[PDB]
């Protein structure tokens, strides 16, 4: 298996892209520590890591309501803060928590499950977009720093991928959705969650040691 003998800490394992990651990574021989801890709590990240034991791979899987269609003037203080609390501050907490053991072993893997809203204008998702931009910045800044210790940090910039938070079954079923998707997505279809996990698998495996601090657009061509 491509992750044989590896132990993978997956945050918010039932949220966002976690379910397909469990399936694919376990098929490939990984032991997946499927964590559900609320990492918006200061100190929670360090406790998760202490309890996990030996970690080879951190999958930083965070999601928050995009509030599709909410305008800049409707983006009130609470909606804005919730975006940062939910997917930005926990990212640094969990990465800072895992890095010491990575540095000790001069080896580690971090895959951040981000969004193409961190790459290009995404209509009607202002606060969410800026929070994903901050995550992208985290990978851009941490990646080259951690690479000195043979640690890979990379960012999957997904869009048009099936999940509960952004492309849930009721939303993607309408003719209106399908028409817009055909206009905007060159490949003309949504990604499956398994397809996302296969990219994550590459970035989590030792097949990708030379990829550092990169944002890989997983969007059917949307941001091209």
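Numbering follows the first chain given and starts at 1.
Here 207-215 and 21-29 are compared by their mean Cα B-factor, and 21-29 comes out higher.
Set 196-204 against 8-16 and average the Cα temperature factors; 8-16 ends up higher. Comparing C-alpha B-factors across 185, 49, 191, 156 in the deposited entry, the largest value falls on 49.
Of the candidates 97, 79, 151, 142, the PDB record gives 79 the highest C-alpha temperature factor. In the deposited entry, the Cα temperature factor of residue 106 sits in the top third of values across the chain's modelled residues.
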